[PDB]
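Close look at the chain arrangement
This is what each chain is made of:
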Amino acid sequence: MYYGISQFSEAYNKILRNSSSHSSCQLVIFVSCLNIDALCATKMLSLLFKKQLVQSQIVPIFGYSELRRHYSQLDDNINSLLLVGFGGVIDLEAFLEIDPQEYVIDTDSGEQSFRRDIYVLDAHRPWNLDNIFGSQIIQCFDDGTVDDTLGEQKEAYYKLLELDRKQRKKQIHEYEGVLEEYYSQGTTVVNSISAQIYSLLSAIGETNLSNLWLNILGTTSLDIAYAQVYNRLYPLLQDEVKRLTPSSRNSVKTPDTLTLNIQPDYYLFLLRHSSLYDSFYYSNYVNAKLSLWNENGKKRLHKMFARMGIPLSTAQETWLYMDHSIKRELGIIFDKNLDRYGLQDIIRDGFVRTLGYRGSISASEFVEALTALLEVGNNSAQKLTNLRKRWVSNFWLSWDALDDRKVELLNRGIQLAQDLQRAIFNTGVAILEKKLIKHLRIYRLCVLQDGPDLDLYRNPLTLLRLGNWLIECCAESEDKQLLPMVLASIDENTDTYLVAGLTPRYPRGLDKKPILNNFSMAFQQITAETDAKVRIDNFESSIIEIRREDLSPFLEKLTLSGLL
Amino acid sequence: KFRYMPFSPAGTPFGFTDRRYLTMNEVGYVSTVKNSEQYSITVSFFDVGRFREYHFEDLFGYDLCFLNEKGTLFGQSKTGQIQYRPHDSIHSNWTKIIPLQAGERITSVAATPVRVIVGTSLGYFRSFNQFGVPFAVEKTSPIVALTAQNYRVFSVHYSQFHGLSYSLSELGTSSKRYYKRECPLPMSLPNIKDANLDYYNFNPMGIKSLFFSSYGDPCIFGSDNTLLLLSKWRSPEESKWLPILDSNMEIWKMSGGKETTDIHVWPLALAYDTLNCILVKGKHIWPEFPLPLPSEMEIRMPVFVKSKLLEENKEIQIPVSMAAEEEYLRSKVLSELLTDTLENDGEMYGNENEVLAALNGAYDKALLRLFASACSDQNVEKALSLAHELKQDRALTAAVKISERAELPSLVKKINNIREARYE
Amino acid sequence: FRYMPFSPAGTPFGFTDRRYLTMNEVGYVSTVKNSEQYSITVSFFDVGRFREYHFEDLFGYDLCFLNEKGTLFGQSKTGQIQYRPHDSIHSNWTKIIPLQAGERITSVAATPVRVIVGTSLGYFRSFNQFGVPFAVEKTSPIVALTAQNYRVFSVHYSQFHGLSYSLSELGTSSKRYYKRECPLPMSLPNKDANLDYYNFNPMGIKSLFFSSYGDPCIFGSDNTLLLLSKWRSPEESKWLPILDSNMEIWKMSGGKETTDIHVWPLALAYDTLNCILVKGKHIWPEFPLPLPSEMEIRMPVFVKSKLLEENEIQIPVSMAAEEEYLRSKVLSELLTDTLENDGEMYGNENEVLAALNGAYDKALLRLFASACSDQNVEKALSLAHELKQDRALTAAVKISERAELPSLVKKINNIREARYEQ
Amino acid sequence: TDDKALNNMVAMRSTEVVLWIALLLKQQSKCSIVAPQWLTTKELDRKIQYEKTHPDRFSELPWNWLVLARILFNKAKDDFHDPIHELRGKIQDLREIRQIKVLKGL
């Protein structure tokens, strides 16, 4: 459909034809900040437009309210827009207040052209049909979803668009019935935005190891929450590492050799940058298998190190200084022992980059560093705006850390990630010890009223770290039914709760068709029904804000909702 | 008995690695990477203004390639699968299978703006048009190598029962001609340790590359590391092969007279006057994946007596008689190639007539530098022969000036007869 | 394969300090192994024109070529060549020629106008008569060269090519190949005498030369003399076998084999091979060189078992007429091909043609009498078509009248009447 | 600068251009920069031997050798025939010997 995978070169050549001149800046990229995949996509896409000498402006955007503000004030000379990581699921023609008649030029002939193009690079679904069919200005990129999945919706969309009494009743309610089933699907991410732009670089003939690393980083960020998607794309990344890696083997290490191997990348927290003990203690997956919040879980961890034959005094050494024999024997120690605890799934092959003599970083460890930069790198309308300014300001810390010249900023990130995961854990234990997860039949509720350094959880990403930790913890327990989870946290200064709706997921080794985030409808439909004050402006529309006293009325109508 | 292997110009073996070049020439290069029982092929261009690189995954395991300015042709030697991929992708790719008998293989493939050409180890020769319509089946001596440039096709044939031979063709959109059919080819096969044998198991003929020069005169670079260019081929009764680089000698010369084993030439194209090639260094003869820049070797006629160079050097200095003998011969052959191009094809850059004028200028200056040696040794007879071959009437004034400076008044009078004879 | 250095009619040492390097119409060249030096003697078969000399050889020249202007020498392994004109008013000159490791100069040739060097890797090098280089070319490996009056004839051989030849003329604009690397129909050799000679010269070419009228010749291991006919028009060219030399020896022996006569070719003058005849446990000439003898050319139309059964040998005269007709037919086409192209060399030549048509007709009328004696009308009528000229039709009627066979006359008069009116 | 060298480019036949244009073309994929003969591990090692052998003099390196080494190792890192870590190593070996000879000169 709009631009299928076969025809990304035509959309790119259309950008060059429309927006390349030495006279002016003509291209704007709007990127959702608070999304690593949109960050790695936009980094690749800027290195491309650098090499083509296309004068461009990148604007990081927090949410839909800022998208309208920034679009409203675009200089009329700007004739191409990229919307990277958002806007596929909203009607952009309605939302931005477009009327195509104010944008059309050279209408002659079975023909149109327009003074602006709006290219949507988005991996979320269900796609809004008035973008994918119902507009000539908005120009979505596709992984293949539309031709493979939307053929009944295409037909239903047009027969209903054409039809502006038995023969009518018999058909208008068939086609509205197809759209009414197409909406009333929950949200999901089905691709990485970076693997889409790498398949565009593959069409132009621009692939190299720097663009491949950004493709691996952008795609790795999915693994925590969309494991089913990482596993589709992972086979395709292995082939590209082989294709681009040079001939030499048994090579001497030199300050200039970049090597991007595929090798064991254990599912542990910041292994190469922390101790072997903290690697297990702060891992989501390990915590979920050993029940590691309570002190019998901590006994199971020591009892494992003792049985592996690693002293606690060695396991706690920083991984560089930990001894040369353990670090090469470790593959054999894990292949012997992890099976006893069911930790067998920790063995994984991943992508490991090392540059010169500065020591290896895995794609997993690098996205933990880049997210920690977005999260903590630095009158309610001012109290929101001077906070959303901070989250736009952090985007450029994560951006600059993608550069190899700036390893000191990556090393800030790798320290911040270890400060965060410790705070997530010290909060996640409080929730499980104090029994704060209430079972409400339709969903599970959790609400942080008070606690130490609670002022972290007002960033949408840090709330999702704690969400993904509580989800892994539940998803491995064999007695619990899988249920949607609502996680709420107060800001004592704004006097709102940040509320996040979370999908459950299957245990990390079991191998089904996906499950979808329908809080994105349930929150809108309850909001439209109530007189309560909320914000529904975030790009991940599973996340909302609500004033303190309105929350209990809101949850009281959420449990009644048939939409979950 | 002899074993037929698939050939592609400048392609390399896998050796111990998981990757090789299927081909290289003036357009670009192609490499294949072994990738868990399927392959990935990357096609790269030396001109990035005209062509955009691409890659695909190959399920079939192609081992033949030919790359030109219109498309890339792939073949799988053992199953007879061929595929043509045009470069604009306005035209579709196409795929076909050609009928191989038991133990038959495709030995090489080529493409022309209007034809795709396939040759096999039993010497069938199958033409398809540019869209995959069969146009012919000939039978020939088995074709061990093919090349094309525009409408010209050049093939090398070999069999135990026929010896080495070549054919040269110009198939055209109209007025098809075969210039030579199966004429004998004056090129050395190898003297049949693993540094050589891992290459000769892959390419038994030792043809490192087969190409046309940029002006469309055939070239071949054999196991003997000598570049042979076919002269005057547009008129078959006057054709000859010229050895225009002895590249072993030209390496020994630049490494200062060390017998040098760690360096090998790998040829890509002869632009006029200069072989584009990789100089490979190390114990394998062929280059590796980060393809080094094509170096340039200027062509040199093989008139360098190594023993004389040894005694006068004991950076290499070349005796000024030997240097003048080479520049006179090199200029005489290049001026004949340009002259025949300009007369039969016409110029493609306006410069070519100004190159030819400058090239005659280097010929007469080389002959006068030989005439000085003939005067120094007072061989008036040798001097008069050198003066008679001299072209410009204005350069023959220098011959009489040199003969007066040498005080050889016989040469003065004889040269004055040449002035009047050539004026008439 | 051995790629030995070659020179026309040269001989091995063969456990002796003397050998010939070369022989021609002009003369011969021989070398003596003068302790750890060599001494070269450049004799002549005509001391009225040129005078013999000796010179000392420092290098060990193992190649030579002699023309009437000068002698060219070369060292096959060091790549040195040296040209020595016979009139010392011209300078001697010396050149060293490049060689790759293991490459050898396999032969050289010289003419007044051009000097040629071949090699075991097939680089064919050319100079003018003062040692200015003209060209380098590559060919299939040279194993023999000969030249005259700026023509060249070369024989090439390799495992990868088979036995072949080339034939050049240096036109004023450019060098033109009449034939390039066409396969050569000479037979290669298959104890002591053979093994000494074939270790010296494994191609078995005993000599290689142009005829007195400039048509190529070769004498091979098989003792046959071949002459290339019609070569001025490539599409009609034929190698003619014009001696089976063993057959003249068997004939001159009176119908006996011999191990103790052998023939060494010097050159072909029209209808006659100028040659040397040797009696030996060995097959090549000795030091006290015989006076150059003559063999008249004989086409191979004689059956050995028939001649001894019929029987100095007395030839059955129809098998004499069968040669006389065939031999005259070839010489007629060879002389005419030169006379209409290269004019007259020596001036007797147009008279020789008119005498040669008369020999050809005499043999046809001798066959015609034999065919009338068979009463074979149809055979006799075919010979009556093949007469050159008008007067010989009179003998065709007279013999067919005499043989009481006027069925021939009734056709033959129709041939005559058509031939003279039209 | 001479305009006639740039309007006459042909892919992969070498040409000379002014260095600021070579770097501007090499910033796109549109060029590759041929290092001078003195940026070879052979010629650098002959200059290092000269430097050690003649305490009294500096070797005949071109006036721009440190500047051009630093430009090309950053902008044209892929275009050397020798492995760039041995070239950086010998540029440093030359830098250090000349610094001793300077301190003697003062």
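Residues numbered from 1 in each chain as written, not as in the entry; some residues may be left out. Chains lettered and ligands numbered in written order. Part of a larger assembly, values for the part shown. Heavy atoms only, no water. Residues with missing side-chain atoms left out of burial classes, pairs and counts.

Header annotation of the entry names cryo-EM as the structure determination method and lists the resolution as 3.7 Å.

**Focus on a nonpolar patch on the surface**
A cluster of nonpolar side chains, D:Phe58, D:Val102, D:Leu103 and D:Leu106, forms an exposed patch at the surface whose accessible area comes to about 460 Å². Residue classification places D:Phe58 among the partly exposed positions, given a relative accessible area of 41%. (Patch = residues over 30% accessible without salt bridge, like charges linked within 9 Å, V, L, I, M, F, W, Y side chains within 5 Å. Areas by Shrake-Rupley, 256 points an atom, 1.4 Å probe, with all protein chains shown as cover. Salt bridge = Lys/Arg side-chain N within 4 Å of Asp/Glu carboxyl O. Buried < 20%, exposed > 50% of the residue type's maximum accessible area, 1.4 Å probe, protein only.)

**Focus on the packing of aromatic side chains**
The tally for this structure, following the rule as stated, stands at 76 aromatic pairs over all chains. Measuring from centroid to centroid gives 5.6 Å for A:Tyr282 and A:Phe425, while their planes differ by 85°, and the two rings are edge-to-face. The residues A:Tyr282 and A:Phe425 share a single accessibility class, namely buried. Each residue in the set A:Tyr266, A:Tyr277, A:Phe280, A:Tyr281, A:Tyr282, A:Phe305, A:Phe334, A:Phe425 and A:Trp469 is aromatic and connected to the rest through ring pairs, giving one cluster. In this arrangement the basic side chain of B:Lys306 is found over the ring face of B:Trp252, its NZ or CZ atom lying 5.8 Å from the centre. In this structure, C:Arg176 packs its charged tip against the face of C:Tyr178, placed 4.2 Å from the ring centre. (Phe/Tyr/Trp six-rings, centres within 6.5 Å; stacked < 30°, edge-to-face > 60°. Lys NZ or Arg CZ within 6 Å of the ring centre and 35° of its normal.)

**Concerning the domain arrangement of chain A**
Residue and element names in this part refer to chain A. In terms of domain boundaries, chain A breaks down into domain 1 (5-246), domain 2 (273-343) and domain 3 (362-564). Taken over C-alpha atoms, the centre of domain 2 sits 28 Å from the centre of domain 3. Of the residues lining the interface, 12 residues belong to domain 2; the matching set on domain 3 comes to 15 residues. Carbon and sulfur atoms make up 60% of the surface buried where domain 2 meets domain 3, a total of about 1,400 Å² over both sides. Ranking the residues of domain 2 by area buried against domain 3 places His273, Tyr282 and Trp293 at the top, with a combined share of 49%. On inspection of domain 2 and its partner domain 3, the count reaches 1 salt bridge. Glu476 is paired through a salt bridge with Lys289; the nearest N and O atoms lie 2.8 Å apart. Linking domain 2 with domain 3 are 6 residue pairs in polar contact. Of the residues forming the side of domain 2 that touches domain 3, the biggest block, 5 residues, is contributed by helix α13 (residues 284-290). (Domains from an automatic or database assignment. Contact = heavy atoms within 4.5 Å. Buried area = accessible area lost by both parts, 1.4 Å probe. Polar contact = N/O pair within 3.5 Å; in protein donor to acceptor, adjacent residues only side chain to side chain. Helix = DSSP H or I, 4+ residues; strand = E, 2+ residues; numbered from the N terminus.)

**Re a positive patch on the surface**
A contiguous patch of positive charge, built from A:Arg165, A:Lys166, A:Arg168, A:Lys169 and A:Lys170, is present on the exposed surface. The residue A:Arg168 is located in helix α8 (residues 166-182) in this model. (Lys, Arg positive; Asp, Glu negative; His and termini not counted. Charge placed at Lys NZ, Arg CZ, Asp CG, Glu CD.)

**A word on the nonpolar core**
Grouped together as the largest cluster of nonpolar side chains are 147 residues, with contacts concentrated most on A:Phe280, A:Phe305, A:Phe334, A:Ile346 and A:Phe351. It is helix α19 (residues 407-433) of chain A that provides the largest number of residues to this core, a total of 12 residues. Listed in part, the 53 residues of the second largest apolar core include B:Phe221, B:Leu229, B:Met301 and B:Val412. (Core = buried A, V, L, I, M, F, W, Y, C linked by side-chain atoms within 4.5 Å.)

**Let's talk about the interface of chain B and chain C**
The partner chain C presents 28 residues to the 33 residues of chain B that form the contact. For the pair chain B and chain C, the summed buried area comes to about 2,600 Å², and 56% of that belongs to carbon and sulfur atoms. One can count 3 salt bridges joining chain B with chain C. B:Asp224 serves as the salt-bridge partner of C:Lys138, at 3.0 Å between the closest nitrogen and oxygen. Seen at the junction of chain B and chain C, the total is 16 residue pairs in polar contact. Broken down by element, the side of chain B that touches chain C gets its largest block of residues, 5 residues, from strand β20 (residues 240-246) of chain B. Split by residue class, the side of chain B that touches chain C holds 17 nonpolar, 6 polar and 10 charged. (Nonpolar A, V, L, I, M, F, W, Y, C, P; charged D, E, K, R; others polar.)

**Here we look at the domain arrangement of chain B**
All names here are of chain B. Taken domain by domain, chain B consists of domain 1 (2-303) and domain 2 (304-424). Between the C-alpha centres of domain 1 and domain 2 there is a distance of 37 Å. If you look at the interface, domain 1 gives 24 residues, while domain 2 gives 26 residues. Summing both partners gives a buried area of about 2,200 Å² for domain 1 against domain 2, and 65% of it is carried by carbon and sulfur. Here domain 1 is connected to domain 2 by 6 salt bridges. The salt bridge partner of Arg330 is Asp273, with a shortest N-O separation of 3.9 Å. Every element with two or more residues in the side of domain 1 that touches domain 2 is listed here: β19 (226-231) and α2 (247-254). Broken down by element, the residue count for the side of domain 1 that touches domain 2 peaks at 4 residues, all from α2.

**A closer look at the interface of chain A and chain D**
By convention, interface size is frequently given as the accessible area that disappears when the constituent parts associate. Listed per partner, the contact involves 4 residues of chain A and 6 residues of chain D. Of the roughly 470 Å² buried where chain A meets chain D, counting both sides, 58% is carbon and sulfur surface. Looking only at chain A, the three residues that lose the most surface to chain D are A:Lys51, A:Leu53 and A:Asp256, adding up to 71% of its buried area. Counting across the interface, chain A meets chain D through 0 salt bridges. In this assembly, chain A and chain D are joined by 0 residue pairs in polar contact. Of the residues contributing to the side of chain A that touches chain D, the split by class is 1 nonpolar, 1 polar and 2 charged.

**What to know about a negative patch on the surface**
Residues and elements named next belong to chain A. Judged by side-chain charge, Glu152, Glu174, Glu176, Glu180 and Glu181 come together as a negatively charged surface patch. If you tally residues by element for the negative patch, the top one is α8, at 4 residues. The topology assignment puts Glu152 in helix α7 (residues 151-162).

**Thoughts on the side chain of B:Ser159**
Residue and element names in this part refer to chain B. Within the element layout of this structure, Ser159 appears in the loop between β14 (152-157) and β15 (165-170). Judged by relative accessible area, which is 7%, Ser159 ranks as buried. Not counting the four nearest positions on each side in its chain, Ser159 is found in contact with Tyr4 and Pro142.

**Here's the deal with the environment of C:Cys64**
Residue and element names in this part refer to chain C. With respect to the helices and strands, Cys64 occurs in strand β5 (residues 63-66). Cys64 gets classed as buried once you look at its relative accessible area, which sits at 1%. Placed 59 residues apart in sequence, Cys64 and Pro5 show a C-alpha to C-alpha distance of 9.6 Å.

**Considerations on the arrangement of the chains**
Among the 4 pairs of chains that make contact, the interface with the largest number of contacts is formed by chains B and C. For the non-touching pair chain A and chain C, the nearest C-alpha separation works out to 35 Å. With respect to C-alpha atoms, chain C approaches chain D no nearer than 28 Å, and the pair has no contact.

**Quick word on the pattern of salt bridges**
In total, this model carries 62 salt bridges over all chains according to the counting rule given. Taking the shortest distance from any N to any O, the salt bridge between A:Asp537 and A:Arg388 comes out at 2.9 Å. A:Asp537 sits in the buried class, given a relative accessible area of 12%. You can call A:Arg388 buried: its relative accessible area is 9%. One salt-bridge network, in which partners are shared between bridges, spans B:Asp273, B:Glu298, B:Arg300, B:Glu326, B:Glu327 and B:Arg330.

**Considerations on the packing of α7(A) against α8(A)**
Residues and elements named next belong to chain A. Here α7 crosses α8 at 135°, and the two axes come no closer than 9 Å. As far as their axial angle goes, α8 and α7 are oblique. The way α7 lies across α8 gives a crossing that is left-handed. Of the residues in α8, those touching α7 at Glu152, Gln153, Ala156, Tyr157, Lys159 and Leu160 are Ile172, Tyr175, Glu176, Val178, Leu179 and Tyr182. (Axes fitted to C-alpha atoms, helices over the stretch in contact; angles between N-to-C directions. Parallel < 35°, antiparallel > 145°, perpendicular 65-115°, else oblique. Left-handed = near helix turned anticlockwise from the far one by under 90°.)

**Some details on the pairing of strand β6 (residues 71-75) of chain B**
Consecutive residues of a regular strand have side chains that alternate between opposite faces of the sheet. Residues and elements named next belong to chain B. Burial analysis of β6 places 5 of its 5 residues in the buried class, the great majority of the element. What you see with β6 is no split at all: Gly71, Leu73 and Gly75 on one side and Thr72 and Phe74 on the other are buried throughout. Summarising the sheet, strand β5 (residues 64-67) and β6 pair through 4 bridges and their orientation is antiparallel. Its bridge partner being in β6, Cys65 is matched across the sheet by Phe74. Here β6 runs beside strand β7 (residues 81-86); their pairing, made up of 5 bridges, is antiparallel. Bridging across to β7, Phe74 finds its partner in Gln83. Count of turn residues in the β6/β7 antiparallel hairpin: 5 residues, of which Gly80 carries a positive phi of about 80°. (Pairing = 2+ DSSP bridges.)

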